[PDB]
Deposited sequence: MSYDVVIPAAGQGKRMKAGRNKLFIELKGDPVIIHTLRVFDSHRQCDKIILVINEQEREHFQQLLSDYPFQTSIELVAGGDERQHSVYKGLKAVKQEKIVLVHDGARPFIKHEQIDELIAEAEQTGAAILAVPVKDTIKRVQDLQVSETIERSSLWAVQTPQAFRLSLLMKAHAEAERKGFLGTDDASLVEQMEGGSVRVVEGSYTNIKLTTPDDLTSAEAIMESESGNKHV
């Protein structure tokens, strides 16, 4: 059915007003492009944007500049990405499917979200990923220590979709024992019996941090 989306926007870090999500892409902040995807999606009930308190005013101003039909809440985060995601998930008001999504990934398609909601509802946890295409090596001090075996390796994207109860439990367990995950899926993996499934996404679902990313973004738009 429907979902809430939590987007961590605390910078896991820049000074107030200088969030990487405010970098303009064809004249609109990256975050705007991302927000419009979830706004136009019929099954997205609400957007939870997890922020640093200092940047609240900047986000408020930005949202008044760009109004949306879909409800958007600014929820204060913490000092790490995981802590922030969890404070976000604490603002979901009933049991339902929850997505967690990178603000700087504006090219997610409603098709992919739909497929991810189906899996999360079916089995509890799902992530978007694509096959790794390049050889991967582990390297100590610019010296190759090994070549990682490529056959079944996937590059992980967002969103990641979960039953709220499940992801909440995975966050609580992790926090109670001081485990620091990378992405949300790794918290579920860390639980006993915890299981996560993959929906294959698209190579266009890129994350925009650096200026070369903008250039690649501007070409994905125009196309």
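Q: According to the record, which stretches of the deposited sequence lack C-alpha coordinates?
A: In the chain as deposited, 13 to 14, 226 to 232 carry no coordinates.
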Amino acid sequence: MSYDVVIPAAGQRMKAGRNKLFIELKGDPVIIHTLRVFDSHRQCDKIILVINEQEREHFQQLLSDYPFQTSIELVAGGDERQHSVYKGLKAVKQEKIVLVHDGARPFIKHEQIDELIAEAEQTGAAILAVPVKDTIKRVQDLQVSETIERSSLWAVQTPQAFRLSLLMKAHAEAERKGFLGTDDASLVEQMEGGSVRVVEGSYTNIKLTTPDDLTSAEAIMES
From here on, numbers count along this sequence of modelled residues.
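Q: May I ask you to compare 182 to 190 and 32 to 40 by their mean CA B factor in the entry and name the higher one?
A: That would be 182 to 190.
Q: Do the CA atoms of 146 to 154 or those of 97 to 105 have the higher mean B-factor in the entry?
A: Per the deposited B-factors, the answer is 146 to 154.
Q: Using the entry's values, work out which of 135, 71, 84, 123 has the largest Cα B factor.
A: Checking the PDB record, the top C-alpha B-factor among 135, 71, 84, 123 is at 123.
Q: By the entry's C-alpha temperature factors, tell me which of 164, 51, 47, 174 sits highest.
A: In this record, 174 carries the highest C-alpha B-factor of the candidates.
Q: Sorting by Cα B-factor within the chain, modelled residues only, which third would residue 127 end up in: lowest, middle or highest?
A: Lowest third, going by the recorded CA B-factors of the chain.
Q: Grab the CA temperature factor for residue 56 from the record and place it in the lowest, middle or highest third of its chain.
A: Middle third of the chain for residue 56's C-alpha B-factor.
Q: Could you look up the Cα B-factor of residue 118 in the entry and say which third of the chain it sits in: lowest, middle or highest?
A: Within its chain, residue 118 is a highest-third residue by C-alpha B-factor, going by the deposited values.
Q: Quick check on the deposited entry: does the C-alpha B-factor of residue 206 sit in the lowest, middle or highest third of its chain?
A: Lowest third of the chain for residue 206's C-alpha B-factor.
Q: What third of its chain's C-alpha B-factors does residue 91 belong to: lowest, middle or highest?
A: Within its chain, residue 91 is a middle-third residue by C-alpha B-factor, going by the deposited values.
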